[PDB]
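To keep things clear, I will list the structure first and then write my remarks on it.
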Amino acid sequence: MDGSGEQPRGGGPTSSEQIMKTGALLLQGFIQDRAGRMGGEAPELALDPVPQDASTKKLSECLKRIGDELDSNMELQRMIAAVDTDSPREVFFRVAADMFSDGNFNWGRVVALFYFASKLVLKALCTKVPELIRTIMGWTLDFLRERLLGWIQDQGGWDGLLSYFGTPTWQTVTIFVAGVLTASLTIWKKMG
Amino acid sequence: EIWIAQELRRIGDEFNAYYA
């Protein structure tokens, strides 16, 4: 009966928790893909069910390539290497609130945060500490459930992100992302 | 938050071990 009813292409089910669940999957793909650059520990067994979903796959693709391209600039690269890894939560909290004070829903404040987060994850991974890797992920989702979820739901899920992915004049977008990251870092590294 | 991050941390692992 319900299916026999008139439905415009699809339906409108609860995407509130759905979006949250998608975030947990997205973070996995992005981390797993980049973690492969470390090698492994001899996969005698391993669990490979093969990613069935193409949504997260496509999203991780663009994120991976962009994040990888954002490492070409040795200028910003060395700037990250000049960070103070004393207070992991405080550093993350600062940059989280920093790009929130203005309340600018430019979307870039999210993708920029992803690059910063992945850099920290990679750094911790190089220290051989899986524990912290799980902690950073929890913090990333923490802020997401805190306020981000409210903005993602409003835009109809990750539709906004899929529409934010442009191409023309992408160079300016690159400078935009770099500038945002630089700004927060400038307020962080205040002489020490 | 603190409690929220814990549940989310679990969710992150929930989906992690779902594909790896």
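Here's how to read the names in the structure tokens: chain A, B, ... by the order shown, residue numbers from 1 in each chain, ligand numbers from 1 in the order shown.
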
Can you list every residue of chain B that has an atom at most 6 Å from chain A, with its nearest atom pair and the distance in Å to one decimal, using only C-alpha atoms, ordered by chain then number, as JSON lines?
{"residue": "B:5", "atom": "CA", "partner": "A:142", "partner_atom": "CA", "distance": 4.5}
{"residue": "B:8", "atom": "CA", "partner": "A:138", "partner_atom": "CA", "distance": 5.6}
{"residue": "B:9", "atom": "CA", "partner": "A:138", "partner_atom": "CA", "distance": 4.1}
{"residue": "B:12", "atom": "CA", "partner": "A:24", "partner_atom": "CA", "distance": 4.4}
{"residue": "B:15", "atom": "CA", "partner": "A:25", "partner_atom": "CA", "distance": 5.4}
{"residue": "B:16", "atom": "CA", "partner": "A:28", "partner_atom": "CA", "distance": 5.5}
{"residue": "B:20", "atom": "CA", "partner": "A:47", "partner_atom": "CA", "distance": 5.2}

Using only N, CA, C and O atoms, please write the residues we just selected to a file, as a short mmCIF file (atom, residue, chain, number, x, y, z; two decimals), in the first residue's frame.
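The result, stored in result36.cif:
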data_model
loop_
_atom_site.label_atom_id
_atom_site.label_comp_id
_atom_site.auth_asym_id
_atom_site.auth_seq_id
_atom_site.Cartn_x
_atom_site.Cartn_y
_atom_site.Cartn_z
N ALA B 5 31.31 12.11 22.53
CA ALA B 5 32.51 11.66 21.82
C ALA B 5 32.74 10.17 22.01
O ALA B 5 33.25 9.50 21.11
N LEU B 8 30.21 8.31 19.81
CA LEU B 8 30.63 8.52 18.43
C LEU B 8 31.89 7.73 18.13
O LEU B 8 32.06 7.22 17.02
N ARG B 9 32.76 7.62 19.12
CA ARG B 9 33.99 6.85 18.98
C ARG B 9 33.62 5.40 18.70
O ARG B 9 34.24 4.72 17.89
N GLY B 12 32.25 5.14 15.18
CA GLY B 12 33.35 5.16 14.24
C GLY B 12 33.98 3.79 14.11
O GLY B 12 34.42 3.40 13.03
N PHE B 15 31.41 1.21 12.28
CA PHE B 15 31.47 1.19 10.82
C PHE B 15 32.84 0.78 10.32
O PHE B 15 32.96 0.23 9.22
N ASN B 16 33.88 1.04 11.11
CA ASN B 16 35.24 0.68 10.73
C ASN B 16 35.38 -0.82 10.54
O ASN B 16 35.82 -1.30 9.50
N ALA B 20 36.34 -3.37 7.36
CA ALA B 20 37.74 -3.75 7.53
C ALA B 20 37.91 -4.62 8.76
O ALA B 20 38.76 -5.53 8.74
#

Among chain A, which ones does DSSP assign to alpha helix (DSSP H) (computed from the backbone)? Answer as a PyMOL selection string. chain A and resi 16-35+55-69+74-80+88-101+108-125+130-143+149-154+159-164+170-188

Separation of atom CA of residue 161 of chain A from atom CA of residue 93 of chain A, in Å and rounded to one decimal: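 Atom-to-atom, atom CA of residue 161 of chain A to atom CA of residue 93 of chain A, that is 22.9 Å.
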
Nearest to residue 106 of chain A by atom-to-atom distance, counting only C-alpha atoms, from A:133, A:84, A:12, A:180: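 Comparing A:133, A:84, A:12, A:180 against residue 106 of chain A, the winner is A:180.
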